[PDB]
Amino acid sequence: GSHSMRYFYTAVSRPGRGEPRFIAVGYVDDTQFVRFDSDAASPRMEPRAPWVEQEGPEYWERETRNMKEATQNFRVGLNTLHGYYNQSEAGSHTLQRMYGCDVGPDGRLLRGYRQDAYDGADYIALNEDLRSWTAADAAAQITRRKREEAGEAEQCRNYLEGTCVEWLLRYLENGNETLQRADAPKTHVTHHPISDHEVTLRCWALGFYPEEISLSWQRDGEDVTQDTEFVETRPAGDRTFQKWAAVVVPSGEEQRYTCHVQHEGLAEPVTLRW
């Protein structure tokens, strides 16, 4: 269907403990494929999915080069912004960036993005037209000026439209057997008695990809979320995901309940019962 590539940059200062640490991670869809950590004994851009390992020496040195320039750029960014806000020399501060692109089922540019955050809140973002900026505050406006007078917008658009999309498609082709493949959740229901009168029924979805999924409980055929305990969808560590939803029910009434699971990997919605 539709696809995305995204890069996440984070720079966090540590006054009295060294120079700002810089970390980057790249994603295609829900799949991380690259990483960089300034604190690594030998900082380099490293592969996190089989289908990038094939990239040649010139790729990895170019990426490593880019990340080292990145850490320098964001270090300046932190220092400059720290000046804008006239903050105390005290504690840590953070500068984050997420950028990348969405391509439709046709393989064309749907939307490009490139937004920055300072200390966990929007700071400045490239608007959907890839030509203007939204400054979240007085300081970000100063930055806006600098970027407009430097023509940063055009530079970003050139990459978001061309390079970003091309390579996204490339990675998509190169990793097709996993990126364009959906794994269906393996589902079951567990039984946990609380007392002689109440028991918990937990409905599990394990080993699925992608992350997006839906779990719900029904009584006699009619919903009843408000009574349902979820956990946030979590990563198994094997690139797949997990989730459960539970409901406390009267001992003896287990039959009345059915768990319902919808996921891209299932031909048709599934129905479980204890």
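From 1 onward, residues are counted along the sequence shown.
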Per the PDB entry, mean CA B-factor is higher for 99-107 or 179-187, namely for 99-107
Higher avg CA temperature factor (36-44 vs 50-58, as deposited) belongs to 50-58
Per the PDB entry, maximal CA B factor within 83, 77, 112, 91:
112
Highest Cα temperature factor in the entry, among the options 139, 203, 117, 194: which one is it?
194
Based on the entry's values, in what third of the chain does the Cα temperature factor of residue 224 lie: lowest, middle or highest?
highest
Which third of the chain holds residue 10 when residues are ordered by C-alpha B factor: lowest, middle or highest?
lowest
Relative to the other modelled residues in the chain, which third contains the C-alpha temperature factor of residue 214: lowest, middle or highest?
lowest
Third of chain Cα B-factors occupied by residue 155
highest
Please rank the C-alpha B-factors of the chain's modelled residues and tell me whether residue 256 sits in the lowest, middle or highest third.
highest
